[PDB]
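Residue-level structure breakdown
Residue strings, one per chain:
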Amino acid sequence: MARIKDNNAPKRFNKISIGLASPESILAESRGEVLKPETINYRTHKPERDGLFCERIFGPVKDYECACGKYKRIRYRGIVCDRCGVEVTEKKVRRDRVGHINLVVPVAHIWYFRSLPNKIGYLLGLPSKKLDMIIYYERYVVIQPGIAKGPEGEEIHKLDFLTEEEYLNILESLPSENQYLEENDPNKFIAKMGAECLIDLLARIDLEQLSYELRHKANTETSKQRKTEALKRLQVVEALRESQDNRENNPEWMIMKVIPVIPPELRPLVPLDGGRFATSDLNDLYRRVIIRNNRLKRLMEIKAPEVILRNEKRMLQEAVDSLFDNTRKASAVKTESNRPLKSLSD
Amino acid sequence: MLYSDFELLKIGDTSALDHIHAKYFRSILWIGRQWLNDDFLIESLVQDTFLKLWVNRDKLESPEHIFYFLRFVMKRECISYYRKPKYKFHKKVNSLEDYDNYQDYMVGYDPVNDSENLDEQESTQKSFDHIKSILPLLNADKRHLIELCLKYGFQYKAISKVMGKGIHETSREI
Amino acid sequence: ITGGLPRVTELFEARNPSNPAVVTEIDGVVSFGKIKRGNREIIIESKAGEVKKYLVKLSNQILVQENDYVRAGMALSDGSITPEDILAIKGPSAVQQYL
Amino acid sequence: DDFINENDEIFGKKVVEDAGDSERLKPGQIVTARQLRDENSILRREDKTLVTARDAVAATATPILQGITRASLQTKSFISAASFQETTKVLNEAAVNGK
Amino acid sequence: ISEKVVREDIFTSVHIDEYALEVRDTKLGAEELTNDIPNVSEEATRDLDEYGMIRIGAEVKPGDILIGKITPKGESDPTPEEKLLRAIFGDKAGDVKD
Amino acid sequence: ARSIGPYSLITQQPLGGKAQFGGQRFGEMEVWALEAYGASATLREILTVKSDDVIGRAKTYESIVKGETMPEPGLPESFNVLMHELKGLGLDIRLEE
Ligand SMILES: [Zn+2]
């Protein structure tokens, strides 16, 4: 017979708006959380529970049939199940339903610190090399000097880069009561490494005050290069300010706490002749991200040393970078035949 | 007093692990690359080797022993992946990027198959509706037998206790 | 024949030629200054006193001489009259027509 | 066109240097002549310090010849620019600026 | 060119094509090669032998079956309704897909 | 020759190749020629109802068979694939009226 005449006509639109995506929006649009790095079970070749192809999150595979095959045919639309929780609807919903991964540690988005100009480092004011040192877990950066002094008593300034030895030494000289102080205490000494420091710094930022300060610095500088740098940072600051008028667009959303997962029909997994399978690289990249996140969560569960956590967090950042922009990496992820994987930006 | 890294590990000081890591990381990476070809899995196994050295730090006796431990453990981890069905299955899967312009001539479907499947579903539904319409014409006991058998499902035992007839009688009536 | 497509691409992309000839922008007397890092300095003092300094590679031939008076739009050295120099000197309609 | 529109918008307006005792105007704020006159009259009626303002300064610019590639990459539509070249850069700027 | 070329077989060639079918052991069951394949008229399986393989000398018109095959279809959990429907009507929809 | 046939499961567009019973490619230069001629309608049919408007192509086949008016085209599926990739890159793309 003829196709069912879907009366849901597409909603006409005249504009497209783009902006940074908040974690709240990613969670609100998502149907679930991908918890396993599996795609299909190797013994049954069926989508795995809570995996990248999960029928609980992304939709049924068969038309008007659930996973356990108890509810069938059009009579049972909208009934998910009592047993396998898989909605009885059209399989085409596997092209529109998305998922997410809740990262245990925030990971910076590669774009906003690799596609020049360096957006995060222009907002914070740090040069790109130091920002990379922050991101790849090599130095601590102080967000609030507090009452902490230097090793010889020198005043500690905001945005100071301290190694592990320096951080431990400074934490030693701190009073015992200061470590337990609330984050709103002006005297608390806060130093962070990785993407959490960037989150805190970009949250504490004030765009209007920063723009006025940069205009003042450009108007009262005797160096042409310093003026050029000031105006270049002013460009990005004013771009963010203009973005904040149309929608809500915050700098902290450049550091991602949730990783969205695209519908499985756009990252297929097909069976070929000879009994082999062929998968999209996006499945592999999501697998790497999930594996790193799960390993980091387990390591924190057992109170691992502070070098294993650092290595795992840096590896997780690298995995997310490979997922988004593989070519921009210094050492792009490659197959055994030395062919770089294809990411979302590729 | 500048103790050697062996006694730092024995004491329970975490910076010791930083020392052994910074010293033997590349050697263990080479050891892993000798046995496997996946850098991701090799890095995972290196992290596991160092963490398990830290966990078994109460079993070392010599400064060189530490190194030996690392190497030993890391090797066996690689070896275990020769047996894991998950790893074999995931390494038996190619990448669609290996076929140039795979989106043009591969991963295809025909809507005729979907329409035929829906038509078959409609045929089955019509047959079941015919059966449901026939049901009221039957004797009341045999109608309730079928109705129960369609909402619990050919459960001769639980139906027999529900009814009063035995397993044999209930099966015969069904 | 094939030396035409790269030229069209260079012109359409507003690319400077491989030999950008320095062109004087004001009318005045030309003088030769001190040589700086292998590049001769040409100092042009205008009728009203405006002083403009240009750098010309010594390897490139110098068309103008010392104690000479030149008008705007004249090349001080051998090369191709670059489109942006034409824009700066003769105007936007002139550069459009030249292009 | 944007340059002309901005110059026309700022034409006839004034930038406040000192807000005085006015609770509605702030230093660095651009307001129209009528609004400034009304605020000054209101302050005078209240025997408060008058607001001092200076004439807005129009920006100065020169015509520039751009290559076809750069002109295509600098279009006002980010969909058009992202489908030609440097997709990551265009999408980054579009997201940061909320185009 | 003249029609004599076609008349005298001057520029006539022979081109051979090879079509290969794999029947493997899948989880749902071992796929079989047979001339009895569901929902196809008896005319379209006239030239096939016992192993569902076209005879030597047949004319391969477009759309004819060369190597007929049945793959075990996807029986889900046998819901009671399906059990009764098969019990009364029969196994008309035997578990085999073309 | 192809009227309708197999489509892709990713892009929802006709496949490519005689063996795959695919359709011909109307590339960028063909679109440029169509724009130069000024054919909005032909370009629109080529973009939406002949390639990847999943509902639109079925409705158009039915309308040609039944003689009725042509359906109103909808959003192409490749645009939705693009939007999902952009959302997977962490960009909030919003279509507004
Ligand atoms: Zn179910």
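Residues numbered from 1 in each chain as written, not as in the entry; some residues may be left out. Chains lettered and ligands numbered in written order. Part of a larger assembly, values for the part shown. Heavy atoms only, no water.

In the PDB header, cryo-EM is given as the technique by which the entry was determined, and 2.88 Å as its resolution.

Focus: the interface of chain B and chain F
Interfaces are frequently sized by the accessible area removed from exposure as the parts join. Put simply, the rule reads: We call two residues in contact when some of their heavy atoms are within 4.5 Å. What counts as buried area is the accessible surface, traced by a 1.4 Å probe, that two parts surrender upon association, with contributions from both included. Any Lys or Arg side-chain nitrogen found within 4 Å of a carboxyl oxygen on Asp or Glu counts as a salt bridge. Here a polar contact is recorded for every N or O atom pair within 3.5 Å, except that within protein the pair must consist of a potential hydrogen donor and a potential acceptor, and residues adjacent in sequence are included only if both atoms are side-chain atoms. Where helices and strands are cited, they refer to DSSP runs of H or I of at least four residues and of E of at least two residues respectively, numbered from the N terminus.
Counting residues at the interface gives ten residues for chain B and twelve residues for chain F. Interface area, chain B with chain F, both sides summed: about 930 Å², of which 58% is carbon and sulfur. One can count zero salt bridges joining chain B with chain F. Counting the contacts that link chain B with chain F gives five residue pairs in polar contact. Those elements giving two or more residues to the side of chain B that touches chain F turn out to be α6 (102-105) and β2 (108-109) of chain B. The element best represented in the side of chain B that touches chain F is α6(B), accounting for four residues.

Quick word on the coordination of the zinc ion
All names here are of chain A. Basically, it comes down to this: Water is not part of the atom set, so a site may look incomplete; the donors themselves are N, O and S atoms within 2.8 Å of the metal, or 3.2 Å for Na, K and Ca. Every geometry call rests on angle ranges, with four donors termed tetrahedral when all angles are between 85 and 135 degrees, four termed square planar and six termed octahedral when opposite donors are over 155 degrees apart and all others are between 65 and 115, and everything else termed irregular. To sort residues, take the accessible area from a 1.4 Å probe on protein chains only and compare it with the maximum for the residue type: under 20% means buried, over 50% means exposed, and anything in between is partly exposed.
Distances from the zinc ion to its protein donors, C66 (SG), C68 (SG), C81 (SG) and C84 (SG), fall within 2.3 Å. Metal-centred angles of 102 to 120° between the four donor atoms at the zinc ion mark the site as tetrahedral. Expressed as a motif, the donor residue spacing for the zinc ion is C-x1-C-x12-C-x2-C. Of this pair, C66 sits in the loop between α1 (23-29) and β2 (99-108) while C81 sits in the loop between α1 and β2, placing them 15 residues apart in sequence. With relative accessibility at 13%, the residue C81 sits in the buried group.

Things to note about helix α7 (residues 111-134) of chain B
Stated formally: To estimate the expected span of a helix, subtract one from its residue number and multiply by 1.5 Å.
If you check α7(B), its first and last C-alpha atoms are 35 Å apart, about what 24 residues at 1.5 Å a residue would give, namely 34 Å. All buried positions along α7(B) are accounted for by B:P111, B:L118, B:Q121, B:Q125, B:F128 and B:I131. Lining the buried residues of α7(B) we find β2 and α8 (140-153) of chain B, α2 (80-89) of chain E together with β1 (7-8) of chain F.

Overview of the packing of helix α8 (residues 207-219) of chain A against helix α9 (residues 224-246) of chain A
Residues and elements named next belong to chain A. This is how it is decided: Axes here refer to lines fitted to C-alpha atoms; in helices the fit is confined to the stretch in contact. Angles between the N-to-C directions go from 0 to 180 degrees. Throughout this description, any angle smaller than 35 degrees is read as roughly parallel, any larger than 145 degrees as roughly antiparallel, any in the 65 to 115 degree range as roughly perpendicular, and the remainder as oblique. In this scheme the handedness of a crossing depends on how the near helix is turned from the far one: anticlockwise by less than a right angle means left-handed, clockwise means right-handed.
Where α8 contacts α9, the axes come no closer than 9 Å and their chain directions differ by 155°. Overall, the two elements α8 and α9 adopt an arrangement that is roughly antiparallel. For the pair α8 and α9, the crossing hand works out as left-handed. Across the interface between the two elements, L207, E208, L210, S211, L214, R215, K217 and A218 from α8 touch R226, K227, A230, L231, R233, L234, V237, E238, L240, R241 and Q244 from α9.

Focus on the packing of aromatic side chains
Residue and element names in this part refer to chain B. To be explicit about the condition: Geometry of aromatic contacts follows a simple scheme: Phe, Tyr and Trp rings, the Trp one being its six-membered ring, pair when their centres are within 6.5 Å, and the pair is stacked under 30 degrees between planes, edge-to-face over 60, tilted otherwise. Our definition puts a charge over a ring when NZ of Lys or CZ of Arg is within 6 Å of the ring centre and also within 35 degrees of the ring normal.
On inspection of all chains with the given rule, the structure shows seven aromatic pairs over all chains. Summarising the aromatic geometry, the rings of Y81 and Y87 are spaced 5.8 Å apart at their centres and angled 65° between planes, so their arrangement reads as edge-to-face. Taken as a pair, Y81 and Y87 share a single burial class, namely buried. Each member of the aromatic cluster is reached from another via a ring pair, and the members are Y24, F67 and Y68. The ring of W54 carries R57 above its face, with NZ or CZ at 4.8 Å from the centroid.

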